[PDB]
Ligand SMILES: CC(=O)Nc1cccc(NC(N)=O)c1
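Have a look below at one chain only, the form solved without the named molecule, in structure tokens format.
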């Protein structure tokens, strides 16, 4: 799987994260990220994908050791953590053929797992529009505890 890079952008209170909503297979909400190009450095891919999807340039705020990285089905996704971005920042994708909407979400209200269907005695998970974000929520909460308190 080709690795993906992007960012977890938080506001100044550390309460809210910035998610983007795509189309079709990417119809739910997730952190801005995308596939690394041949010979492209991780930090440069993260800034490019984030700038293409949000219009916000993270390059001057990226800290090299501040990221969460997950291997999901043998694909690596690494999101650089970018705190302190003002809530009134104007975000605009380059490509509205790819991005429907861009919003702040309260971290404490985002789920960190999908719910089962044990009310229905059926296996599997109910749909959740935050599916792609979910795997990063607990690790992010733990990372913010250790880094900030």
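Numbering follows the first chain given and starts at 1.
Stretches compared: 104-112, 87-95. Higher mean C-alpha B-factor in the entry: 87-95. As listed in the deposited structure, the average C-alpha B-factor of 47-55 and of 120-128 is greater for 120-128. Of the candidates 19, 140, 25, 14, the PDB record gives 25 the highest C-alpha temperature factor. Among the modelled residues of its chain, residue 79 has a C-alpha B-factor that falls in the lowest third, as given in the PDB entry.
Here the subject shifts to the form solved in complex with the named molecule, a form of this protein not shown in this document.
Residue contact with the named molecule in the deposited complex: residue 137 places no heavy atom within 4.5 Å of it. At a distance threshold of 4.5 angstroms between non-hydrogen atoms, residue 17 is out of contact with the named molecule in the deposited complex. Using a 4.5 Å cutoff between non-hydrogen atoms, residue 10 does not count as a contact of the named molecule in the deposited complex. Taking a 4.5 Å heavy atom cutoff to the named molecule in the deposited complex, the contacting residues in 42-78 are 72, 73, 75, 77.
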